[PDB]
Structure formats: C-alpha cells, structure tokens
Amino acid sequence: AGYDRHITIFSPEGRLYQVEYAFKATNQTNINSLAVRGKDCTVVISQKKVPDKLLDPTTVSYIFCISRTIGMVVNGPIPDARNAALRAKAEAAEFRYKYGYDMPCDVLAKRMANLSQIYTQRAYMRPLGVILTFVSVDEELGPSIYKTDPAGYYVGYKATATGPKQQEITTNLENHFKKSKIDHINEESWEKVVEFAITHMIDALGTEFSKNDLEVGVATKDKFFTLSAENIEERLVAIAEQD
Amino acid sequence: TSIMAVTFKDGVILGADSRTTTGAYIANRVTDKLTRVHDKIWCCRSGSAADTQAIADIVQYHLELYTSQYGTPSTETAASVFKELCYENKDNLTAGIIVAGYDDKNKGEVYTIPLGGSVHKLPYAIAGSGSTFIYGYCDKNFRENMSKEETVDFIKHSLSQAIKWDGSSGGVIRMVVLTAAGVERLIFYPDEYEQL
Amino acid sequence: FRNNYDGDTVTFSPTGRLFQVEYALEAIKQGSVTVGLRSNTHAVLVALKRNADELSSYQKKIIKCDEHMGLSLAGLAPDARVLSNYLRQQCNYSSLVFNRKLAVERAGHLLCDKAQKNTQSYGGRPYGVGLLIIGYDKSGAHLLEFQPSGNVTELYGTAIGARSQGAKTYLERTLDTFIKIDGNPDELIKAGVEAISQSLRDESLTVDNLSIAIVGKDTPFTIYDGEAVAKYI
Amino acid sequence: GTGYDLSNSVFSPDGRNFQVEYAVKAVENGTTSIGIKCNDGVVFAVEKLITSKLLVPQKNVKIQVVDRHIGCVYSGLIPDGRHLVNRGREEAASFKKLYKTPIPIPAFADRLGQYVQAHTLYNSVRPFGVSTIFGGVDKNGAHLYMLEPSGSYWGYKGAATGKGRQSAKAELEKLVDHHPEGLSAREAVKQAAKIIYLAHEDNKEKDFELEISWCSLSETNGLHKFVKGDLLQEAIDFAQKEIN
Amino acid sequence: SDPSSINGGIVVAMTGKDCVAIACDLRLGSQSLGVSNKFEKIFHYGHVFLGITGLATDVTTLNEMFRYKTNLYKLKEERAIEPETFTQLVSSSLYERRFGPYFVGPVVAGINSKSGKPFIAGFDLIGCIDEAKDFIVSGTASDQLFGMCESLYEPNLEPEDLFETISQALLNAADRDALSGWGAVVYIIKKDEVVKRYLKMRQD
Amino acid sequence: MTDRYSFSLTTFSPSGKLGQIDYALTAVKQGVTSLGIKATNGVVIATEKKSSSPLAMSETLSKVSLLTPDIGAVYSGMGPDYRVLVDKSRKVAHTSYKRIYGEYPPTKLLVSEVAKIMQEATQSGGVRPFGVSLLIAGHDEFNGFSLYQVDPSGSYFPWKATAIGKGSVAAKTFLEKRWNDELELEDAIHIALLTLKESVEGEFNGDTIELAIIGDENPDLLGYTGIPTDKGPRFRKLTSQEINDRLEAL
Amino acid sequence: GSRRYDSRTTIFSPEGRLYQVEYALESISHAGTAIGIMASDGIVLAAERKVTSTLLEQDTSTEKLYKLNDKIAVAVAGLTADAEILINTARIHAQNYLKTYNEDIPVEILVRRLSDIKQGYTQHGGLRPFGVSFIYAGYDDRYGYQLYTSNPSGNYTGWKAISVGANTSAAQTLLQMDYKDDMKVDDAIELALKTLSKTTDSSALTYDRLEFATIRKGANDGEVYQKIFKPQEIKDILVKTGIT
Amino acid sequence: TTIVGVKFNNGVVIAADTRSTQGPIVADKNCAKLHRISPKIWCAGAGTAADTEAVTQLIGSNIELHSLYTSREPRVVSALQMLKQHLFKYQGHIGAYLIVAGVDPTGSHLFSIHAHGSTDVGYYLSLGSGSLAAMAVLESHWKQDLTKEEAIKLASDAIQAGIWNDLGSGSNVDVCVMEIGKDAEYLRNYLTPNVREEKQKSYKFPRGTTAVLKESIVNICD
Ligand SMILES: */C1=C\C(=O)NCCCC[C@H](NC(=O)[C@@H](NC(=O)N[C@H](C(=O)O)C(C)C)C(C)C)C(=O)N[C@H]1C(C)C
C-alpha cells in the first residue's frame, strides 16, 4: 500500500509523489536561470558554478544546442540533463527529415512534455529530474520560450526563471513588465537584451557576476548560439558603465 | 546525366547538367543535380533520382544529427555515410554519387562513389552517362590547384562537351563553389557554353 | 539491515555491497578444498573429492576444457558444468575460426564478463562456484582463480574451499621453490599434494579421494584419478 | 515514509537516488586511480594492491584501451568496469564504422555517459559500481574525463578516484597551480607515479604495484600505450625518492 | 488463367425517378461448363444493395464479409448504413487487399433513406470508386452492357419503365456472352418497396 | 530494462473498490471547474484558464480542443493526461473511422473510443488510470447535438448539461435551475458564463475564460470553396473579444 | 525488481478462494439491480439505473441493457467500462459464428465464450478480473427462450428467474416466492418491476431510473423480437403495472 | 489522363481532365483527378486511380493530425516529403504520379512526384498520358509572372491539348486555384466541351416488352 510513493501511481490525495520528488531533484545543482524575449531574439542566462580547480570549466554547461534554431537550458542534474538533450536533438532531426522543415521550438517542447507525461503514467519509467527551457526565434511565432517539467507540463512565456531563487527572479521580471506594459524587451540588438537579462538577474539575486559565473545563450533568426567568457565579459563591462 | 567535382587552390567546385529523362523524353530540363547535405558539403547525383534523392535525404538527416551531437562533420565522414548506404544496399540501388566539400584544414576534397558502393578520393571526378565522352578531355586539361576561374572554365568546357555528345545530358550547366568565402551558385546557359 | 538488501543482485547495500553475490561466494567456502600451482613449464591442479555415503562415489572436481586448458571447481557442481562447458565453446570457437588456441588470460576475461552479467540484471543469480583454471599457451603456463563476483586473477598458485587458507599459506611460503620446478611434472605435483594436505583435517587423502590434473609444454591437460594418483599418496 | 533506497529508479523525498549513492560507496572503497592531462595528451595511473606474493607481478593489468586512442581506468567493482569498457568498445566501433573517423574523446564520453545514466532509470538494473577516468587525443587535442555511477561526467585537468582520492586530488591541485603553462607527457608520467605513491598511504597496509599508461601526440603518436621498462622504473624512482 | 473469367456472370445498376435498379444473371460455371443456374450475385444489407461479379468464391466471401461489417455497424451506430457510406466501406475493404485483391467487380445500389436520393457506384478490384448518376456495369459482358446502356438509357425513368430498360440491357448483353445468362433477376428499388422479378431468357 | 510491470496496478480491494480509479477521480475533483450545456441548436463547453504564472501566456495552451471538425472536448483534472488523450482521440478518429468510412465518427462513438482508451489504463499492466474527466460535445447528421462525460473509470454518459472539477456540485445545482429543453445556443452561452462566474475567484474575462461551441456550419472556416456538400466545421472556439462582449450583457 | 508491487491478482487463498474474484463480486453487490425473468412466451430484462440526475440525458442513455445479437441481449451489473470491453468482443464472436456457419450463434455458445474470457483473467496474466456480471437473455431454435448469468469468476448458469447487483438476496427471495413455470411475458414483466420496486434503495421506482427489455415472439409474424423500451415506454408500463 | 501545374505571380493553379479508363474502355466519363490534402494543398494525380486516391487520403489524414498537433498550417513540403517517402518505401508498386501544389505560411509551391519516389520542382508541370500534349502548350505559352487569369487559361489550355490529342484523356477540365492570400477555389468542371449530342431516337420500351418468370416483394425492414 505504502508504495504509492515509490512508483508513479496515485496516492489517496490523488497525488504522484515520485513526480514531486522529481521536481525536488531539479534544484540539486543550485543554479538559477532566466529567459527573456527581445524584439527579435531570445536570451537565456544561467549561473555557472565550477568549484573544483581540477575541472575543465569549458566542458561544464547546462545549455544545449538542439538544432540550428533551437537552444535548450536545463535546470537539474547533468546526467538527466544530457539524456534529455540527446532525445530532443534526435526528435529534432527526425522531425525535419519526416516533415521537411525545422521543428518549431513549441512543438519540440510539446513532444518532450508528452514524453515526460509517459514516465508519469508508466510504472517502470522514472521521471527525469529536470526542467527544460526551450528557446528560439520561430519562423512562424517569433521569439519563443517554452518550458517543460517532470510532471509532463509545459507552456509558453513572455520570460521565465528556474532554480532555487526562481521566485525572486520571477517577481522581479513580473514587475518590470507590469511597468513596461509590453510582453518583451523593446531592444533591437541581442547584446542589450543579454545585458538586460544579466542585469535583472543581479538585481533579483542581489549578487555581482564575473565572466565565469554566467552562461549565456542567444537565439536569433536562423541561429541559436552561446556566448564566450569574453563575449560575456564585454557584456558585463557594458552594464558596469551604466551603474 | 553529366556531373563532375573539381578541387582547386581555394576549395572545390561541383558541376552538372539539368536534364533528367525517362527514355527519350526530357521529364525535366531544369533539374538541380547539385544537392546540399551540409553547409559546405554537397554531392552530385547520377543514377536513379528516386534513389539518389532518398539516399541524399537520409544522409542530410544523419549529418544533421551528427552535428547536433559532435559538431561539424568532415567531408570524409559525409562520404562515409553515403558509402555506407550505397554499399549496404547495393542490390536495390542505382546511384553514382560524387561528394565534394570544403574544409578549412583540408581545403577541397572529392570522393566518388560508383555503383558498387566503393569509395574513391580524387583531385577531381566525373560521372554520369555523359562522363564517358570526356575522360580523355578532362584527363588532358585538369591541373591541380587551378584558380577559381580556370576551374570554372575547366568544368564549363568539359560539361559542354559531355552535353554535346550525350543525349541523356543537356539543359543548363550548374555549378556550386565551395571555399572559405562561403557557397556560390553559378549557372550557364546553352547559348553560352554551346559555342565554346 | 542486511535483510533489506539481499533479496536480489540488483540491490546495493548502504555500504556498497552486493550480498546475493557474497552469499554465492559463501557456497565456495562450503566447498571441498582444491589447489592450483605452476612452474614455468607446467601448471597443476590438486583437488579433494568429497563423497556422500561410503556407498556413493566421490564427485569429480576437475574438468577439461581443451587440450591445453582445464580447471578445478569448488561449490555448486552444476554451475561449474555450465561455466566449463561455456569455456569449452570459447576454446572451440577460437580454433574453428582463427585456428588459434584461446590464451588462458583471455579465457579468464571471458569468464569474468560472463559472470558479471548475472550480477546487474533482475532475475539472474550469481554463479555459486569458484574455479581454478590452469593452461599452457603461447606465453607459457598459467593459473587463474575465478570468483562468482567476476574477479579473475592470475597467480603462481592458490587454493579455495574449506580450510583452503592452510594450503594457500603453505604455497605462499613454498613459492620461490615450486615456481622453479621446471622440466619435472612429478615434482610440481608432489608440491601440489603437500600444499593440499595442509588443508586436511577430517581425514587423509586416499586413492579414490585424491584428484590431480596437469598441463604443460609438451603435456596435454590430463586428469589423474584412483590408482593413477597412488604414486603420490 | 522510508524504503526509498531499496529500488534503483526511486526518488527519495529530497530528490535523491540512494541506490546510486550506495554505488559510490563501492567505488570509494576501491583502489585509487588518477588521470593527468598534460599539454598534448593524457597520463593514466592506478594502484594495484598486492594481496599476496602469489599474484604474478605485472600480470593482472587494469588499465584498458578502447579502440586505439582511448584509455580507461576505473576504481570500484572491476567487473562492472570491464562491462563498461566493452560497451565503450562496441560504441566506438559502431561510430567509426559509419563516420570512418575514430570516435572523438568527447563523443565517446557522452557515449559512456548516456549508457551509465541509463542504469539509474529502471529498478530492473543496478547502477555501475565504478568511477572511470578515461581520455585520449583526437582531432582537437587531448581530453581527460571522469564518469560517476550517476552517469555524471566532466572534463578535468586532473582527476582521481578511490580510496586515496583526496591525497590525490590534493596533489593534482598542487600541480595545476605550479604549472599554469602546462605539464609535459614525460613529466605527467613522473608526477603521476608520485601522486599514486602518496595516495597509497590510505592503504599503507598492503604492498602495491604501479601501472601507468599514456596517450601523447608527441610521445605515442596519439595512440594509447602502456609505460613500460626504463621510463617506468625511472618514474617509480622519481616517486620513491620524493616519498622520503 | 484470368480469375475474373472462370465463373462468369454480370451485374448492372441503373438510376431512375426516385428509384434505382440492379440486375444480374444466374450463371455460375467453370470455364465452358455451366454448373449452376441459381447463383444470384446481388445481396443487400438493410436498404443498401450490392451486386458482385467475378470469382464466385470471392463473391461469396465479400458478401459474408459485408454482412458481418454492416451488422456490427448497426449495433454500434444504431441505424442502418447508407449507400454512400457503404460504398466507402466497400472501397477501403478492397484496397486493404491491394497486393492480393479479391477478383470481383462490386456494384452498389440504393436510396439514401434520409435524402431520398438514388445512389449507384462501381469499384475496380482494388476499390477504385466510380459513382455514376446513370448506370454502372460489371462482369464478363461489361462491354456489351456499356453499349446497351449508353444507348437504351435515358434520365428519370419511372420504375415500370426503368425495369424494361435495365432488363433489355442485361438480357441482350448477356446473350452475346458465352459466360453469362442461364437466368436473370432484376431488383426495382423505391423509398418504400422493393420488387424482385426473374426474367425469361435463352438457356444456351 | 524491459517494462517488467506486466501486472495490473489497479486492483480490487476487499471492499470492492478500485483504489487508483477512486484516487484518479479525487484528482479530478481538485482540478479547475469546467462545464457543458446542450441547447436545442448547439452545445457549449467552457472552463477557466487558471494561468499558473503572470509570465506564462495562457493562449499558448488550450483546455478546449477540437477532436473532429464537429466535436470538441474539455476537461478537469491533470492537464498533461488530457493532452495526450486529445492526440490519441484525434488519431483514433482517423484510424478507426474516417479511414474506413471516409467520414468523421459520430460523437457517441468517438467518445466510446476515448472511453475504451481510459478503460484500458485501468486494467493494462504497469500503468495508472488517467487523472482526468472529459466533457465531449459534438454533432452528427443522425444524432444531432450531444454532450458526454467520460470518467477515468472509462465510464461515460450523456448530459443535457453538467459540470466537473472544483465547484461542480455548486454549478451542477445552478444548471438544474436554469436549464430547459428550449434553450437556444446563445442562451446556454449566457447560462454558461453565469455558471462559470461562481467558480471564479479573481479575474473573469475573455483572457481568463476559455469557451467553445458546436453550432452551425462555418463555411467561412473551411479554407476552400467549390464543393457543395462541404459546408464547414460546426466547432468554434470563441475569441477573447467575443467573450467580453457577452460578459457585458451578463 | 518489480515483484515488489505485484498484487498477484490470480492466486488462491488458503481456503482455496480467488481473492480478486471475491472482491470483484463485492464491487458488483453495490451496482444497480438487474433482473431477468423467463416466461413461456418470452423473456424480460429489468435493471435499475445507478445514479441519475434531472440533467442526465435519459433518452440517449444506456448503462445496463445491451444488444449483442438480434436474438440476444445482456443486462449488466458492475463496471460499465469493463462490461463494454466484453460486450464488444461478444458482438464480434456472434458475427464470426454467423460468418463461419451461416447460422445465428446459439445462445449458450456465446455465453460460454464470454465466460471463458473472464475465466482467463482468473488463471493467468497478472491482471484484474472484469468487475461485471451478466444476465443473458436470448432465443435460438435449439433451446428456445433461455436465461443465463455469468460473473467475474467465469462460471455461468441458467435460470428461470434471476437477479444481479445489489440486494440480490432480497430479490431472489421475492422471485422465488412468486414465480410460476406457466407464467406469461406480461406476468413476468410485472413480477420484475414489483421486485425492483421492493428492493430499490431509492424512494420510489420511477421510469427515469429504469431500463427495460423484452424478447417476445410476436405471433403475428413467427419471428422473435427484441424490444428495448424507450423512456416513455417504461413510464407507461410503469403506470399499467400499478406503480404509476 | 492529363494533369498540369502552373504557378502565377501570387499562387498556383492545377488542372486535369476527367476521363478514367480500363483498357480502351472509358470507366468514368467524369471522375475527379484533383485531391485535397488540406484546405490549401491540393494534389492532381495520374496512374493507378485507386492508388492516387488512397495515397492522397493517407497523407492527407496524417497532414491533418500533424497540423492539429503542431497548431500550424500544413506546409506543401510536408506532404511532398510524406508522399515521396511513402512511395519510395513501396518500390514504385503504388502506381501514383502526382503534381502537388498549394500555399502555406512559407509561400506558394509546385511539385511533382513519381511512383518510384523522386520529386521535381518548377513553375509548370504536367503528368499522365497527355503529359506531352500539355507540355507542348506549356513550353509554348508559359512566361514568368503570369496573372491568376493567364495562369488558369494556360493550365486549362494544356488540359485541353490532352483531352483532344490523347486517347487516354477526355471529357471535362477541373481546376483548383490556390492564391497566396485567399481560400483555395476548386472549380469542378470549369470546362465541359464534350456534351453528348441528343440521341436520334428514344429507346424507351413499351411496358410488357420484357418476359417475366416470377415476381415478389423484398423485405428491407428488420
Ligand atoms: C490517368 C491515365 C493513366 O495514368 N494511365 C492509363 C492506364 C489506366 C490507369 C487508371 N485506370 C484505373 O485505375 C482503372 N483500374 C485499374 O487499372 N485496375 C488495375 C487492373 O485491373 O489492371 C489494378 C492492378 C489496379 C479504373 C477502372 C479505376 C486511370 O484511369 N488513370 C487516369 C486517372 C488517374 C483517372
């Protein structure tokens, strides 16, 4: 009877603990990340924490390029993060092949979400402890942010944050938008949108950053790319000469 | 069909006629036998179209997934996938494919995949029905590390001839330049290459 | 504690142990002692055959896998049959396909990987038998000790089974001596009978009780029983 | 409640996988092994405890090669270690066969990574009881990698695992600091022998046997090879000297 | 050799004024040998009629199949199937055997109970649907029938007239075919009643 | 690997109850309210778009879905379960009907189909029932309009009007009072909006509400012309703007 | 492994009982009552609609009486969903019998097949039984009017009068008290309703809470007929039998 | 069968004849060879009739589901890819030769698929036994940038070429216009240049002409 907490079956409350515990694992990395929509780009900032001196910093990342246009940032342990990445990449290539056009960020999300839903209903598949944020500049929808979770849920956002201090970053952003009245950063260049993201990431977390404390990803028309220590540095210097 | 790939000083150039016939009837006079499997890795298709197209389509998909996981693939690797498909299914395929791609370290490379599904890397390769008529010509005019212009001429002449003699070839000559400077489409019309 | 982590091999104990595997290893200790040792020209096996009644036979402990390879078992007889039989196929396949004698070192790697498979998949059970494989190949004489855990090790000599520790210490002591017993099988064998009598207690090795096997340079793996071993008791 | 540690794919209420965690135990309990990424390759070394004088010396080799350019060393349940390498070998072979080019260290890493992570997904399987340090040289340099039973792995400048994992990590970090410009393959072999000798103190009870192997662009032509004979003794000495 | 020419037989449907008609011969023979003079090739499920020409065994089978299908259909849909729908069922049924078809040429005739409209349709052996507003022909004597119909036929014939027309087409076409005849039956279908008559014809 | 869960996860307890199905229904209770009303010339279904963050865009998510061009569905329970149920219900409509008869399935049968799917997730090996209840509304030539409710047990029944989820008891009572066998579609739409307001805490407008109908044929929504017998879909989701207009006459 | 969550739905109790079959039955005891009475000239099926509402669209509803064949129908008691799954396979089985023999499936034959399917979930599979019990009412030319009953166990038996669902014991007593071999359909129709009337857990026995069906051979024909009364038809017969 | 495709300045049009045949006999004097894959993607098919129909519906059915799942308009390249991979899977055994066209979010498109699975792309295409007659007309009057009307004439003229000059083609001209901004307009029997002349005599028989053996009424009501 008390195994309704070991596998994905209902509890009398009508809950799925294993799904909840899955969510719990997503913070295991203690990294926060947020995504904002530019005028015609989409940026995703994520914290980067490489404590060990023996680690090769360059190999550490929770940002992935699923396709030329879709990028994905994962909040959760890395081994589950990579299992998810790979599957999405495959799902992306197959889609192109079968339908003759690049899989739209939102569709990729829906497909991964449906995939998660299954681990939610089938007993032998454990959910993946990760929250996936997919970003792109859809050829039909414009800048896009779609996030999925271990529950098999997903939705599109004007912007979004994930991780331990998720709530601080969220409300920070919510406020910025209640103010601007628009659903996006009214900026033409992505560098400024990147700076905006990094800025509020600082305001909300009340912390200063160095080129190596961040990880940035940008999605533009027909291409998604990640910045470099230097690309970021130059960006950090920018916010500095405004404060 | 008349298709060739020539490596030169700045990279590589692919060329082809635009005629696809079904018997003596020209089903398409503006065909594009130059197919793109990757950014700077293209191929020349000869043999069954249903087959070379299906093979190409599958290759592009494999190189796309490859990239997603391990970054840009080498021109060699591209030849390798084509070969794998052609060799492994040699009994149900009629595809003669030339694979050409520009690399930064390797510059230009050309792999020809004949009917048996074997692979051959060469300075340049010709293929298709019209190719037979230009073996002597191409052998007597090709040189290594020609300039972009010399090479566009070499291809323009060779194919104009093959188009001349082979009825299964014709229409316009299409080329695709692959160099560090990017990818460039070139087209030449009858009126131009005929009187060469 | 242990009771909640030994219901199958697909479970780790809070300390990193695989009990089901350990229980299997136990079956070996409960098994009749058997000794293995080698020089540079030969490898030898000596085993104590255990019988049920005095009306029953003594169960075979040594099995031949090829003309150059064989082993002795301690533990679940059936499992030795399964494993030896599988080791026979591998030697066989090595010949038929490459016209090459399966090196002892490789036979071991094979056994290890076979065992390992029964310790990570649900429904499977480890093998409850220990093996001592001797063999002469392109690199000389060899001795291997196979543990159900999958751990296969190459040694100069060793023993396994009840009271095995006796013989093992004896060999560990006699080392520099028997390792040089080249060009003389009878000597290597007597050193083997000595090592094993070091694990006696109940009785003393008799003719229909002692079992010896030997492989070497120009010696195809051959087993000796009864009257044949008389000259060593 | 409790019992969240009896099945492999179960999430404890705090979001953990105890089975995997219990696996790590089996690892830490194992022998120590390291990896040092020099400026054009990688060096691998391992601690081989001599349980008795009976073990034929130089015989029970631990370090394994995958293909011809990759090296693997692991601490923990050896059989699980081999099992993993077998898969890596098939994995590498499958790769080469289709893309011709011998599998890139990174790609190989994730190949082993996805496989291992796969064993934390079902209750019908047990996680790997090993941590693996592996790497080699490829189209763009050398790479050192360490893989945990959880399936997690990252690129390291230096890596260690097992009993003496701390002493090592301690020494490896010292190197990293006193060599910002890089270490040479030749030097990494020496330093490795030392670092193994030091890490052997958390097991100073049983005598051991050193085993080094390297893959250097300039030293082994990008091929993985075992350090033997003279160069080996030379390192054993450089270590034996600094251990006093 | 040619399956569709082992047993013989023919069927033809015709539309009229608020009525449809379908008729067939009664021959069933093996090559030249005449065997049965009572093999009807027209069946019905509810108010929908189906005539099947071709290999008798497949004719029999296809009927047994459609009965089975139409029965379950009624249990689940809680109504009798309509001609238009049935036609679709028949089509997909055949095409399902695309690379190993039943050697038949099915003719569907009926009046849509809800629209009152008359309906007829033919299919090739793999389902290709031919929905004619005038007439549909099938059988070893299909050419003769086309010639008969293309001339004889005229729109909105009253039931009594359409009967004469369909009978003459069937009858005369059948006589020019060695594998057809040996008796015939004609169905005159209306919204309310359906009359079945057996014609008198040559027996050679 | 290999799903070794080849046994039922939903079994009979000594009391004769089927735990998981009961718990599944509990999950439905917890979910946002949604209702359905059948008028003499249409059907209406609606629910509340409970935006789970002001940053999330509720449009990029529909609780009301088109199954066929004349059948729509809405739920109460676990959103993700509904999602996959919709896809399945859309496919099953083709695979088991349109591909055989060349026409879309009639409401009762498509419903019957979905029911079966759920029924199976109640007995098959290694799975849990679906944590949702569905309200399917549609129209077909020989059955007119209809409204059905499908439960995680796999049971379903026809309704003149009804609601599920949170304030179902309340809303169900409010409907018994306002429903009659003479309601025009616009009437039901009104009653719908009223019945909904009660279960709504904060904002109540076209951006927080999601409602669709199954009324007359929308040829304007066909996409092409030239074929007499093709008149357009009867299913139509109302726009935010369309909702607010009606809310003023509330 | 997975054995940890296996209910073993198909084992014997120390008393030689089948847990799930027992429990399944327990479930059925709470289902609307279904009664079947067999008279010399026809059979009657009456059942009580469990849970109803003002809003429940009763004309379009069916939760207890299902048509299987043209000469066979069943009354259900238990999980409707489960019932359907079985009813559909029953409907198919009938057709196959027809397709193979060109004759209408004999009542008992259909009933045996259905029972066998149930029996199976009872002996192997590890799945739960169907929470359903059937009252089969049918007619064939070999045994004429027949009345059968089957339940989760997989066993089936014939009856003159029988009931399933809730308060069966109460109903059985009442039927056993007023049934007579020379009854007539009409008589049975009354006895049926009277019984429900006396067992109903509800206030009054109204038409909106019933489902009725009769298998009679309309003399002015010679063929048997299945009639599944419509709401109004029940409302009438209800006033007639004196229950207004 | 004569089917053609012709792109114009803001869309694409496809036309076809209406004659169906089995040997030298006309099976259907007016069948429709224009298939709808999605509201704005239509396919014109030649070859084995049943096949053009079944394959057309199959990919259609899937295009529909996919559209619902992706919440996006169907794209011509999707039907092209789906069709071709299907036809190729069937080693040409599914005798379908199609000209697929339509407009979607990416623009207006015109392709052709051959039973073996290869595809072509152009501004004008023709397939079927009238392919050549039609193509002659096209090669003679097509020009870049045609107005919707010019295109419809050209297309319709090509189909005529086939009707008149090809024995495998005849009857009417069916057209379907897919203009980038609007709804697709399918014009069934846009041209009916082959109406049979009134027959010389009426062949209505005098009742009683046919000799009847037996008679009876049939029971349809269960
Ligand atoms: C376009 C003309 C064309 O492409 N080819 C002319 C040959 C006939 C093709 C097609 N006719 C039919 O499909 C027939 N049925 C059959 O051909 N059945 C085949 C047979 O019995 O040999 C089987 C093997 C499929 C008609 C009766 C349906 C045709 O008319 N094609 C036209 C166009 C596509 C309607």
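Structural data are supplied above this passage.
S.K.: What is the right way to look at the pairing of strand β2 (residues 42-48) of chain G in this model?
M.R.: As a general feature of sheets, a regular strand has side chains that alternate between the two faces. Residues and elements named next belong to chain G. Buried residues dominate β2, accounting for seven of its seven residues. Judged by which residues are buried, β2 turns out to be covered on both faces: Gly-42, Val-44, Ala-46 and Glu-48 on one side and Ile-43, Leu-45 and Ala-47 on the other are all buried. In this structure, the hairpin formed by strand β1 (residues 34-39) and β2 is closed by a connection of two residues. The sheet contact formed by β2 and strand β9 (residues 210-216) spans seven bridges and is antiparallel. Bridging across to β9, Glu-48 finds its partner in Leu-210.

S.K.: I tried to follow the packing of aromatic side chains on my own but got confused; where do I start?
M.R.: Centre distance and the angle of the planes are the two values used to describe a pair of aromatic rings. In total, this model carries 51 aromatic pairs over all chains according to the counting rule given. Taking the centre distance of 5.1 Å and the plane angle of 85° together, the rings of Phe212(G) and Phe229(G) count as edge-to-face. One end of the pair, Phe212(G), is in strand β9; the other, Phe229(G), is in the loop between β10 (225-227) and α6 (231-243), and 17 residues separate them in sequence. Just as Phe212(G) is buried, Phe229(G) falls in that class too. Following the ring pairs from residue to residue traces out a cluster consisting of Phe1(C), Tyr5(C), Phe19(C), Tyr23(C), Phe18(D) and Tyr22(D). We note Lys190(D) situated over the ring of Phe238(D); from NZ or CZ to the ring centre the distance is 5.8 Å. The ring of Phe163(E) carries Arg197(E) above its face, with NZ or CZ at 4.6 Å from the centroid.

S.K.: Looking at this structure, how should I read the sheet that holds strand β8 (residues 161-164) of chain G?
M.R.: Two orientations exist for strands paired in a sheet by backbone hydrogen bonds: parallel and antiparallel. Residue and element names in this part refer to chain G. Ordered in space as β8-β1-β2-β9-β10, the five strands form an open sheet in which the pairing is antiparallel. One side of each edge strand has no neighbouring strand; the edge strands of this open sheet are β8 and β10. Direction aside, the axes of adjacent strands within the sheet are offset by 10° on average. Along the sheet, helix α5 (residues 185-199) contacts β1, β2 and β9; its crossing angle with β2, the most-contacted strand, is approximately 20°.

S.K.: Is there a simple way to think about unusual backbone geometry in this case?
M.R.: Most peptide bonds take the trans configuration, and most residues that are not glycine carry a negative phi. The phi angle at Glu78(E) is positive, at roughly 60°, despite the residue not being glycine. Checked against the element boundaries, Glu78(E) lands in the loop between α1 (56-77) and α2 (83-95). A positive phi angle, close to 55°, is found at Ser71(H), a residue other than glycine. Within the element layout of this structure, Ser71(H) appears in the loop between α1 (49-70) and α2 (76-89). The class of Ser71(H) is exposed, set by a relative accessible area of 66%.

S.K.: Which parts of the structure should I look at to understand the nonpolar core?
M.R.: Across soluble globular proteins, you tend to see nonpolar side chains buried next to one another. If you look at the biggest cluster of nonpolar residues, it comprises 106 residues, and the most contacted ones within it are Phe134(A), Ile34(D), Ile36(D), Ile212(D) and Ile37(H). If near-sequence neighbours (up to four positions away) are discounted, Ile212(D) is found in contact with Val43(D), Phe44(D), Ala45(D), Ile63(D), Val189(D), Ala193(D), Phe226(D), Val227(D), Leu232(D) and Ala235(D). One finds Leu93(B), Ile97(B), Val99(B) and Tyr111(B) within the second-largest nonpolar core, a separate group that totals 43 residues.

S.K.: Sorry, what's going on with a nonpolar patch on the surface here?
M.R.: There is a patch of nonpolar side chains on the surface, built from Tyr93(C), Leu96(C), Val97(C) and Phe98(C) and spanning about 480 Å² of accessible area. Topologically, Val97(C) is positioned in helix α2 (residues 77-98).

S.K.: So what exactly am I meant to see when it comes to the interface of chain B and chain D here?
M.R.: Note: interface size is frequently given as the accessible area lost on complex formation between the parts. Taken together, the nine residues of chain B in the interface contact nine residues of chain D. With both sides pooled, the region where chain B packs onto chain D buries about 880 Å², and carbon together with sulfur makes up 53% of that total. Joining chain B to chain D, the criterion identifies two salt bridges. Here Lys97(D) and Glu84(B) are joined by a salt bridge, their closest N and O atoms 3.2 Å apart. Here chain B and chain D share six residue pairs in polar contact between them. Elements supplying a minimum of two residues to the side of chain B that touches chain D: α1 (49-70) and α2 (75-88) of chain B. Counting residues per element, the side of chain B that touches chain D draws most heavily on α2(B), at six residues. Class assignment for the residues of the side of chain B that touches chain D results in three nonpolar, three polar and three charged.

Reading the values: rules and limits
Residues numbered from 1 in each chain as written, not as in the entry; some residues may be left out. Chains lettered and ligands numbered in written order. Part of a larger assembly, values for the part shown. Heavy atoms only, no water. Buried < 20%, exposed > 50% of the residue type's maximum accessible area, 1.4 Å probe, protein only. Helix = DSSP H or I, 4+ residues; strand = E, 2+ residues; numbered from the N terminus. Pairing = 2+ DSSP bridges. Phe/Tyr/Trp six-rings, centres within 6.5 Å; stacked < 30°, edge-to-face > 60°. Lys NZ or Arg CZ within 6 Å of the ring centre and 35° of its normal. Axes fitted to C-alpha atoms, helices over the stretch in contact; angles between N-to-C directions. Contact = heavy atoms within 4.5 Å. Core = buried A, V, L, I, M, F, W, Y, C linked by side-chain atoms within 4.5 Å. Patch = residues over 30% accessible without salt bridge, like charges linked within 9 Å, V, L, I, M, F, W, Y side chains within 5 Å. Areas by Shrake-Rupley, 256 points an atom, 1.4 Å probe, with all protein chains shown as cover. Salt bridge = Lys/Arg side-chain N within 4 Å of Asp/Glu carboxyl O. Buried area = accessible area lost by both parts, 1.4 Å probe. Polar contact = N/O pair within 3.5 Å; in protein donor to acceptor, adjacent residues only side chain to side chain. Nonpolar A, V, L, I, M, F, W, Y, C, P; charged D, E, K, R; others polar.

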